[PDB]
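Student: Just dropping this structure here.
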Amino acid sequence: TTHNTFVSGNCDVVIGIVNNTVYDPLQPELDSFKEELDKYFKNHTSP
Amino acid sequence: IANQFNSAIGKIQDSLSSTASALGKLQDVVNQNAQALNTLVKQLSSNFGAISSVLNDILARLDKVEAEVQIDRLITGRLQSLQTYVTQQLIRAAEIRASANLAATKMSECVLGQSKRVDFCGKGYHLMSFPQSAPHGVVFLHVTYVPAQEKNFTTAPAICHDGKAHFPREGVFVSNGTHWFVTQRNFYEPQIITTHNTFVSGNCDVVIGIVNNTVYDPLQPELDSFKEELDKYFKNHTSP
Amino acid sequence: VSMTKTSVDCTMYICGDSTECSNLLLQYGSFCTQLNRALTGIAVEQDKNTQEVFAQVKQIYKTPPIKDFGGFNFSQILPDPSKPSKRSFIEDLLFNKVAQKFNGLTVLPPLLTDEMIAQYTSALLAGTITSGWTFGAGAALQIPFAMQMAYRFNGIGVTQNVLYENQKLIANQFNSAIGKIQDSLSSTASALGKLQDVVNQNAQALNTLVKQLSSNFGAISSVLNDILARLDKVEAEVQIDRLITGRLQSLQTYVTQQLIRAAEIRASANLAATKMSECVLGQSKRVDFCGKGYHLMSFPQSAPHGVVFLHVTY
Amino acid sequence: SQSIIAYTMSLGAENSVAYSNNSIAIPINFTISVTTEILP
Ligand SMILES: *[C@@H]1O[C@H](CO)[C@@H](O[C@@H]2O[C@H](CO)[C@@H](O[C@H]3O[C@H](CO)[C@@H](O)[C@H](O)[C@@H]3O)[C@H](O)[C@H]2NC(C)=O)[C@H](O)[C@H]1NC(C)=O
Ligand SMILES: *[C@@H]1O[C@H](CO)[C@@H](O[C@@H]2O[C@H](CO)[C@@H](O[C@H]3O[C@H](CO)[C@@H](O)[C@H](O)[C@@H]3O)[C@H](O)[C@H]2NC(C)=O)[C@H](O)[C@H]1NC(C)=O
Ligand SMILES: *[C@@H]1O[C@H](CO)[C@@H](O[C@@H]2O[C@H](CO)[C@@H](O[C@H]3O[C@H](CO)[C@@H](O)[C@H](O)[C@@H]3O)[C@H](O)[C@H]2NC(C)=O)[C@H](O)[C@H]1NC(C)=O
Ligand SMILES: *[C@@H]1O[C@H](CO[C@@H]2O[C@@H](C)[C@@H](O)[C@@H](O)[C@@H]2O)[C@@H](O[C@@H]2O[C@H](CO)[C@@H](O)[C@H](O)[C@H]2NC(C)=O)[C@H](O)[C@H]1NC(C)=O
Ligand SMILES: *[C@@H]1O[C@H](CO)[C@@H](O[C@@H]2O[C@H](CO)[C@@H](O)[C@H](O)[C@H]2NC(C)=O)[C@H](O)[C@H]1NC(C)=O
Ligand SMILES: *[C@@H]1O[C@H](CO)[C@@H](O)[C@H](O)[C@H]1NC(C)=O
Ligand SMILES: *[C@@H]1O[C@H](CO)[C@@H](O)[C@H](O)[C@H]1NC(C)=O
Ligand SMILES: *[C@@H]1O[C@H](CO)[C@@H](O)[C@H](O)[C@H]1NC(C)=O
């Protein structure tokens, strides 16, 4: 997660850097906050 | 970092191929053993009050009754010389014992580890060390991080933003003049001050010399980008 | 750290002005070049002990003239310019508690005069209260003094806001803490008695060494000229050789006490060089190594034949 | 042209330091240094 790691600069310099997900856990929360908001707009389409 | 390491090992070699007295601490104890044995031998030529210092020169010229009065002096001189030499060597055998137990402590803490003791694994901050065999000795090539180019910065103990005091979790606050950053204590790598770099405690009354700047929050702009997208969905849904 | 240097000459000590005695000395061999070498090996080392304890910094650091320390009143341990010596109020006190002689006993001077030992102390201290620890591990980098004290607290697992929330109390404690050691040191003796206990043994060894000149060993006097002025040159030697074999046992013992104590003094000076490194040039986490408690910082102080550490502990 | 001289020994290089309650010095660069320490 972004909490198990820290950040600096870009992939040119770090010899043997590897590609992966870093899975920021704020976002699989706030996506599920937007999908709940989208349910509120879909409910607001009904009246 | 590798080129500073390789440069330094190349210099350590170039010095050991050019300077004489670097190994002087080992030369010194070999010189003591050479000098103390030479002294133990030079005592043998002493007459000590006997007719001669060659004991065969007593046993070739005197009979037992008078040879005794000569030989007993030679025993006295020599025995005292050995009680002297062995006591001098015992006192040295501890000078070595202590040098060995210091070298075994350094072998263990500096080679088999990394010590947060100052000056115990060479000068600087310790990274690692390497043992070399020397005759009757050890050499530790201690490898150390030393800070090299420095500049002045203005600093403050805390940043005040919401009347709450923010402090670094690690590092220190630095101003280049225009801005405020937070940097790791032993290398200048400034960062935007955030809730991740800084923890909070109490209020700006109590901290002597506190200063004012904003502390960045990564949540508010990101959740504002969702409020601008929310605004469109609200404006759209006026039309049906 | 040091002990009082001495040097003693076989020729003077065994022979008060007799060539008959001096030929009877030469009869034994290299003993007297060897005993000149033994005491030289101590005298070249009490300087080495002073250098390994004080020379741990390769620059001299000077205090700023302002007392911009955020509450901490170090003036008691920095210099007092009003003295003819550049020492502190505390270091003056350490000298308030603690030519050549007949018979060839002598006391050689230290390589570093006390004024130069006090100078190294004032520089190690001026580093300590301005440069963080960095004047050890590299170049000197200034840091605000109370922000150094914050690193100390962050070192002993206290969160640094606890300093900035209480810096007034932490100073009003600290100024009292350096005030209470004054009142102790003003009146108690035994607080420095460890150095006096070293000096007493070198004095008690010299008292013995000179006392042993006054001994017969079966000879018709303890005195050399009072044997020459009576017995003629051949029958005298039965007397003078007994004064030699006596006096030479006396040196062989005195040098054996001085070498064995020089090793005890070395062990105490090398421990002090470790205290100076870990307690003055840094902040150790060895528990109770820099005084009893959690360590924050320590200040060296110059004393006769020793170093004194004022350790600060939470 | 050589001579033996004699002198009061210095304690090495002088350094008055620019301390202030709001000034810090921070390193921007560093040296990896190797030293040799020799023990009997
Ligand atoms: C880690 O992920 C990187 C992408 O985030 C990836 O870099 C990308 O690699 C591809 C394939 O080599 C490149 O594709 C293009 O290659 C050249 C231009 O470089 C073009 O002529 C081709 O037509 C093709 O479009 C991407 O341009 C490149 N992108 C970036 C940002 O570098 C790394 O290769 C991955 N590394 C590892 C070790 O997995
Ligand atoms: C203190 O450090 C600051 C951070 O580096 C620095 O301010 C930064 O200056 C750079 C230029 O070197 C700015 O970069 C922008 O410059 C123009 C702005 O119109 C654009 O064309 C560029 O693309 C780029 O965006 C940074 O924006 C600026 N950073 C911040 C946080 O404001 C200061 O100059 C330093 N001050 C001192 C006294 O040293
Ligand atoms: C650090 O930032 C603080 C907030 O920006 C700032 O405090 C503000 O100081 C001003 C000027 O003294 C006060 O202004 C008020 O002054 C009196 C009451 O003291 C009123 O009669 C006036 O009408 C006026 O409102 C602010 O009230 C005060 N604000 C807060 C929330 O504290 C500090 O002074 C700054 N300090 C430094 C060194 O930058
Ligand atoms: C750190 O700063 C000090 C002094 O402060 C500076 O003074 C002005 C000249 C200007 O630069 C201000 O913005 C600063 O606040 C520097 O100290 C001087 O150093 C030189 C030798 O380099 C010496 O001749 C002066 O006597 C010093 N003056 C004082 C008052 O100490 C210092 O060089 C700066 N160091 C770094 C690493 O940035
Ligand atoms: C640091 O502490 C000393 C010792 O208490 C202070 O010295 C006293 O100062 C007052 C005011 O100048 C005098 O009236 C006293 O006679 C001083 N006593 C002694 C024993 O000298 C000193 O003022 C303090 N310094 C700082 C910078 O606060
Ligand atoms: C690691 O070693 C292999 C050879 O064994 C080499 O091909 C590879 O490039 C090396 N990787 C890095 C990051 O240097
Ligand atoms: C630092 O000292 C100067 C006086 O020399 C003063 O103007 C300034 O306000 C002080 N700041 C702090 C935080 O003590
Ligand atoms: C508005 O809603 C319609 C569906 O009713 C959709 O096609 C359109 O993409 C939406 N646009 C915005 C800007 O929300």
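The chains in the structure tokens are called A, B, ... from first to last as shown; in each chain the residues are counted from 1, and the ligands are counted from 1 in the order shown.
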Using only C-alpha atoms, which chain B residues lie at most 7 Å away from chain D, written as a PyMOL selection string?

Tutor: chain B and resi 1+4-5+8-9+23+25-26+96+99-100+103+122+136-156+186-188

Student: Could the residues in this selection be written to a file with N, CA and C atoms, as a compact mmCIF listing (two decimals), in the first residue's frame?

Tutor:
```
# COMPACT_ATOMS: atom_id res chain seq x y z
N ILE B 1 28.44 6.76 -5.15
CA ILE B 1 28.76 6.06 -3.89
C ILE B 1 29.77 4.95 -4.12
N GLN B 4 33.12 6.70 -4.91
CA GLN B 4 33.75 7.17 -3.68
C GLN B 4 34.34 6.00 -2.90
N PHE B 5 33.64 4.85 -2.86
CA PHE B 5 34.14 3.63 -2.23
C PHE B 5 35.40 3.09 -2.92
N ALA B 8 38.34 5.50 -2.44
CA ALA B 8 38.87 5.36 -1.10
C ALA B 8 39.66 4.06 -0.92
N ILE B 9 39.18 2.91 -1.40
CA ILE B 9 39.96 1.65 -1.34
C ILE B 9 41.23 1.74 -2.17
N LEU B 23 51.52 0.96 9.79
CA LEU B 23 51.56 -0.26 10.60
C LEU B 23 52.43 -0.11 11.88
N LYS B 25 52.02 0.64 14.98
CA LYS B 25 51.49 -0.02 16.19
C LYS B 25 51.88 -1.50 16.27
N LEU B 26 52.01 -2.19 15.13
CA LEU B 26 52.47 -3.57 15.05
C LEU B 26 53.99 -3.67 15.06
N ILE B 96 48.88 -6.57 25.09
CA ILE B 96 48.35 -7.34 23.98
C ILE B 96 46.96 -7.89 24.29
N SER B 99 44.61 -5.12 23.74
CA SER B 99 44.56 -4.82 22.31
C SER B 99 43.80 -5.88 21.51
N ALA B 100 43.95 -7.15 21.86
CA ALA B 100 43.17 -8.25 21.32
C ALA B 100 41.68 -8.17 21.65
N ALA B 103 40.19 -5.48 19.67
CA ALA B 103 40.08 -5.94 18.29
C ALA B 103 39.00 -6.99 18.09
N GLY B 122 35.96 3.60 13.06
CA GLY B 122 36.52 4.75 12.36
C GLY B 122 35.71 6.03 12.55
N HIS B 136 50.83 -10.61 13.36
CA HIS B 136 50.49 -10.36 14.77
C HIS B 136 49.40 -9.32 15.04
N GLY B 137 48.61 -8.94 14.04
CA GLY B 137 47.64 -7.86 14.14
C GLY B 137 46.42 -8.07 13.25
N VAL B 138 45.46 -7.17 13.40
CA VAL B 138 44.37 -7.00 12.44
C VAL B 138 44.31 -5.55 12.01
N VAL B 139 43.95 -5.34 10.75
CA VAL B 139 43.57 -4.04 10.21
C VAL B 139 42.08 -4.05 9.91
N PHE B 140 41.33 -3.10 10.44
CA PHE B 140 39.97 -2.85 10.00
C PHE B 140 39.97 -1.70 9.02
N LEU B 141 39.57 -1.98 7.79
CA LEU B 141 39.15 -0.95 6.85
C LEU B 141 37.71 -0.59 7.19
N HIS B 142 37.53 0.46 7.99
CA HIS B 142 36.21 0.98 8.33
C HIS B 142 35.69 1.90 7.23
N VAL B 143 34.44 1.69 6.82
CA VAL B 143 33.77 2.37 5.71
C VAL B 143 32.68 3.24 6.28
N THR B 144 32.76 4.55 6.12
CA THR B 144 31.92 5.50 6.87
C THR B 144 31.31 6.60 6.02
N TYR B 145 30.05 6.93 6.27
CA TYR B 145 29.36 8.07 5.67
C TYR B 145 29.80 9.34 6.39
N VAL B 146 30.44 10.26 5.67
CA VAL B 146 30.86 11.57 6.17
C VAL B 146 30.18 12.67 5.36
N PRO B 147 29.42 13.60 5.96
CA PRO B 147 28.84 14.74 5.24
C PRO B 147 29.92 15.71 4.72
N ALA B 148 29.77 16.21 3.49
CA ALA B 148 30.89 16.80 2.74
C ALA B 148 30.67 18.23 2.26
N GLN B 149 29.58 18.52 1.55
CA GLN B 149 29.22 19.89 1.18
C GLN B 149 27.99 20.30 1.98
N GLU B 150 28.05 21.42 2.68
CA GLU B 150 26.97 21.95 3.51
C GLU B 150 26.61 23.39 3.13
N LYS B 151 25.36 23.79 3.39
CA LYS B 151 25.00 25.22 3.39
C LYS B 151 24.05 25.58 4.52
N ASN B 152 24.03 26.86 4.89
CA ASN B 152 23.09 27.38 5.88
C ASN B 152 21.66 27.34 5.34
N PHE B 153 20.72 27.16 6.26
CA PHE B 153 19.28 27.26 6.08
C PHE B 153 18.67 27.93 7.31
N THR B 154 17.56 28.63 7.14
CA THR B 154 16.74 29.01 8.29
C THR B 154 15.88 27.83 8.70
N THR B 155 15.53 27.74 9.98
CA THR B 155 14.77 26.63 10.54
C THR B 155 13.76 27.10 11.58
N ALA B 156 12.83 26.23 11.95
CA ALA B 156 11.85 26.46 13.00
C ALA B 156 11.50 25.14 13.68
N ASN B 186 20.29 14.33 7.84
CA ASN B 186 21.69 14.13 7.45
C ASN B 186 21.94 14.15 5.93
N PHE B 187 20.96 14.58 5.12
CA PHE B 187 21.10 14.80 3.68
C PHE B 187 19.97 15.69 3.15
N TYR B 188 20.28 16.76 2.43
CA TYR B 188 19.28 17.72 1.96
C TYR B 188 18.44 17.14 0.82
```

Student: If the limit is 10 Å from any atom of ligand 3, counting only C-alpha atoms and all ligand atoms, which residues qualify? Return them as a list in words.

Tutor: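 Those residues are residues 159, 160, 161, 162, 163, 204, 205, 209, 210, 211, 212 and 213 of chain B.
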
Student: Include N, CA and C atoms and write out the residues we just selected as a PDB file, in the first residue's frame.

Tutor:
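The resulting out.pdb:
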```
ATOM      1  N   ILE B 159       5.585  24.161  12.699  1.00  0.00           N
ATOM      2  CA  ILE B 159       4.758  24.937  11.791  1.00  0.00           C
ATOM      3  C   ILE B 159       3.374  25.028  12.414  1.00  0.00           C
ATOM      4  N   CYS B 160       2.795  26.220  12.462  1.00  0.00           N
ATOM      5  CA  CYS B 160       1.426  26.435  12.913  1.00  0.00           C
ATOM      6  C   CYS B 160       0.532  26.688  11.693  1.00  0.00           C
ATOM      7  N   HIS B 161      -0.554  25.922  11.538  1.00  0.00           N
ATOM      8  CA  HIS B 161      -1.443  26.009  10.360  1.00  0.00           C
ATOM      9  C   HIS B 161      -2.910  26.240  10.749  1.00  0.00           C
ATOM     10  N   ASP B 162      -3.507  25.358  11.555  1.00  0.00           N
ATOM     11  CA  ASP B 162      -4.872  25.515  12.099  1.00  0.00           C
ATOM     12  C   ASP B 162      -4.857  25.924  13.580  1.00  0.00           C
ATOM     13  N   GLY B 163      -3.865  26.714  13.997  1.00  0.00           N
ATOM     14  CA  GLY B 163      -3.605  26.986  15.422  1.00  0.00           C
ATOM     15  C   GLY B 163      -3.110  25.763  16.212  1.00  0.00           C
ATOM     16  N   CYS B 204      -0.146  26.667  19.473  1.00  0.00           N
ATOM     17  CA  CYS B 204       0.955  27.562  19.145  1.00  0.00           C
ATOM     18  C   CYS B 204       1.335  28.594  20.236  1.00  0.00           C
ATOM     19  N   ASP B 205       0.672  28.596  21.392  1.00  0.00           N
ATOM     20  CA  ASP B 205       1.070  29.399  22.554  1.00  0.00           C
ATOM     21  C   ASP B 205       2.394  28.960  23.188  1.00  0.00           C
ATOM     22  N   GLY B 209       9.476  30.249  19.622  1.00  0.00           N
ATOM     23  CA  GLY B 209       9.973  30.393  18.256  1.00  0.00           C
ATOM     24  C   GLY B 209       9.180  29.660  17.165  1.00  0.00           C
ATOM     25  N   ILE B 210       7.921  29.273  17.386  1.00  0.00           N
ATOM     26  CA  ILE B 210       7.074  28.692  16.326  1.00  0.00           C
ATOM     27  C   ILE B 210       6.839  29.668  15.169  1.00  0.00           C
ATOM     28  N   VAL B 211       6.599  29.152  13.962  1.00  0.00           N
ATOM     29  CA  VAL B 211       6.356  29.957  12.756  1.00  0.00           C
ATOM     30  C   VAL B 211       5.134  29.472  11.984  1.00  0.00           C
ATOM     31  N   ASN B 212       4.618  30.314  11.087  1.00  0.00           N
ATOM     32  CA  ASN B 212       3.387  30.060  10.351  1.00  0.00           C
ATOM     33  C   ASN B 212       3.676  29.681   8.899  1.00  0.00           C
ATOM     34  N   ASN B 213       3.089  28.577   8.450  1.00  0.00           N
ATOM     35  CA  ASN B 213       3.015  28.159   7.052  1.00  0.00           C
ATOM     36  C   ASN B 213       1.846  27.177   6.921  1.00  0.00           C
TER      37      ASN B 213
END
```

Student: Using only C-alpha atoms, which residues sit within 12 Å of residue 184 (chain B) once same-chain residues fewer than 4 positions away are excluded, as number ranges by chain?

Tutor: B: 168-174, 188-191, 197; D: 26-28

Student: Using C-alpha atoms, can you export the residues from the last selection as a PDB file, in the first residue's frame?

Tutor:
```
ATOM      1  CA  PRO B 168       8.383  16.465  11.875  1.00  0.00           C
ATOM      2  CA  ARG B 169       7.911  12.672  12.521  1.00  0.00           C
ATOM      3  CA  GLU B 170      11.499  12.371  11.324  1.00  0.00           C
ATOM      4  CA  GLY B 171      13.662  15.210   9.933  1.00  0.00           C
ATOM      5  CA  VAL B 172      13.651  18.994  10.430  1.00  0.00           C
ATOM      6  CA  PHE B 173      11.936  22.047   8.898  1.00  0.00           C
ATOM      7  CA  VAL B 174      14.068  24.118   6.517  1.00  0.00           C
ATOM      8  CA  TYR B 188      19.279  17.716   1.958  1.00  0.00           C
ATOM      9  CA  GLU B 189      16.251  16.184   0.209  1.00  0.00           C
ATOM     10  CA  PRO B 190      13.433  18.695   0.879  1.00  0.00           C
ATOM     11  CA  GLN B 191       9.757  17.686   0.718  1.00  0.00           C
ATOM     12  CA  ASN B 197       5.845  13.995   7.265  1.00  0.00           C
TER      13      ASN B 197
ATOM     14  CA  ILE D  26      22.542  20.700   6.389  1.00  0.00           C
ATOM     15  CA  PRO D  27      24.738  18.632   4.043  1.00  0.00           C
ATOM     16  CA  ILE D  28      23.819  18.500   0.341  1.00  0.00           C
TER      17      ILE D  28
END
```

Student: Would you mind listing the residues within 10 Å of ligand 8, counting only C-alpha atoms and all ligand atoms, as a PyMOL selection string?

Tutor: (chain A and resi 45) or (chain B and resi 229-240)

Student: Within 12 Å of residue 187 (chain C), counting only C-alpha atoms, which residues show up once you throw out same-chain ones fewer than 6 positions away? Write them as number ranges by chain, please.

Tutor: C: 93-94, 96-97, 180-181

Student: Show me which residues are within 9 Å of ligand 2 counting only C-alpha atoms and all ligand atoms, and format the list as a compact mmCIF listing (two decimals) with N, CA, C and O atoms, in the first residue's frame.

Tutor:
```
# COMPACT_ATOMS: atom_id res chain seq x y z
N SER B 175 13.85 26.36 5.65
CA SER B 175 13.52 27.40 4.68
C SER B 175 14.75 27.75 3.88
O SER B 175 15.80 28.09 4.42
N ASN B 176 14.59 27.69 2.56
CA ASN B 176 15.53 28.28 1.63
C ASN B 176 15.38 29.81 1.51
O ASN B 176 16.24 30.45 0.92
N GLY B 177 14.31 30.38 2.08
CA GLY B 177 13.97 31.80 2.08
C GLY B 177 12.51 32.03 1.73
O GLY B 177 11.78 32.67 2.49
N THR B 178 12.05 31.49 0.60
CA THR B 178 10.70 31.71 0.07
C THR B 178 9.67 30.73 0.63
O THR B 178 8.49 31.07 0.74
N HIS B 179 10.11 29.53 0.98
CA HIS B 179 9.24 28.38 1.25
C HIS B 179 9.60 27.68 2.55
O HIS B 179 10.60 27.99 3.19
N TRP B 180 8.78 26.70 2.93
CA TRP B 180 9.09 25.78 4.00
C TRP B 180 8.98 24.33 3.51
O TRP B 180 7.96 23.92 2.96
N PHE B 181 10.02 23.56 3.78
CA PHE B 181 10.14 22.15 3.47
C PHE B 181 10.53 21.36 4.71
O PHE B 181 10.97 21.92 5.72
N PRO B 190 14.61 18.01 0.37
CA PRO B 190 13.43 18.69 0.88
C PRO B 190 12.14 18.15 0.28
O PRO B 190 12.07 17.83 -0.91
N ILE B 192 7.65 18.81 0.37
CA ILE B 192 6.44 19.53 0.77
C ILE B 192 6.00 19.01 2.13
O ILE B 192 5.94 17.81 2.36
```

Student: I'd like the neighbourhood of residue 224 (chain C) as a PDB file with N, CA and C atoms, in the first residue's frame, where a residue qualifies if any of its atoms comes within 8 Å (using only C-alpha atoms), though same-chain residues fewer than 3 positions away should be ignored.

Tutor:
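Writing the result to part_32.pdb gives the following:
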```
ATOM      1  N   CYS C  15      74.399   5.537  43.054  1.00  0.00           N
ATOM      2  CA  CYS C  15      75.684   6.209  43.273  1.00  0.00           C
ATOM      3  C   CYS C  15      75.596   7.725  43.471  1.00  0.00           C
ATOM      4  N   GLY C  16      75.476   8.139  44.729  1.00  0.00           N
ATOM      5  CA  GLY C  16      75.786   9.501  45.145  1.00  0.00           C
ATOM      6  C   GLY C  16      77.286   9.798  45.022  1.00  0.00           C
ATOM      7  N   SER C  18      80.147   8.579  43.562  1.00  0.00           N
ATOM      8  CA  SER C  18      81.282   7.639  43.633  1.00  0.00           C
ATOM      9  C   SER C  18      81.524   6.896  42.313  1.00  0.00           C
ATOM     10  N   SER C 221      76.895   1.310  56.802  1.00  0.00           N
ATOM     11  CA  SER C 221      76.049   2.505  56.815  1.00  0.00           C
ATOM     12  C   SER C 221      74.984   2.379  55.740  1.00  0.00           C
ATOM     13  N   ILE C 227      80.937   5.565  53.975  1.00  0.00           N
ATOM     14  CA  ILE C 227      81.697   4.311  53.823  1.00  0.00           C
ATOM     15  C   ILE C 227      83.031   4.557  53.128  1.00  0.00           C
ATOM     16  N   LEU C 228      83.090   5.449  52.139  1.00  0.00           N
ATOM     17  CA  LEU C 228      84.345   5.805  51.460  1.00  0.00           C
ATOM     18  C   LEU C 228      85.334   6.529  52.400  1.00  0.00           C
ATOM     19  N   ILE C 240      79.739  -1.642  49.717  1.00  0.00           N
ATOM     20  CA  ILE C 240      79.081  -0.909  48.633  1.00  0.00           C
ATOM     21  C   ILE C 240      78.238  -1.857  47.765  1.00  0.00           C
TER      22      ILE C 240
END
```

Student: Taking only C-alpha atoms into account, which residues of chain C are within 6 Å of chain B, as a ChimeraX atom specification?

Tutor: /C:27-29,137-138,164-165,277-278

Student: Which polymer residues have any atom within 9 Å of an atom of region 17-32 of chain A, counting only C-alpha atoms, with same-chain residues fewer than 3 positions away left out, as a PyMOL selection string?

Tutor: (chain A and resi 1-3+5+11-14+35-37) or (chain B and resi 223)
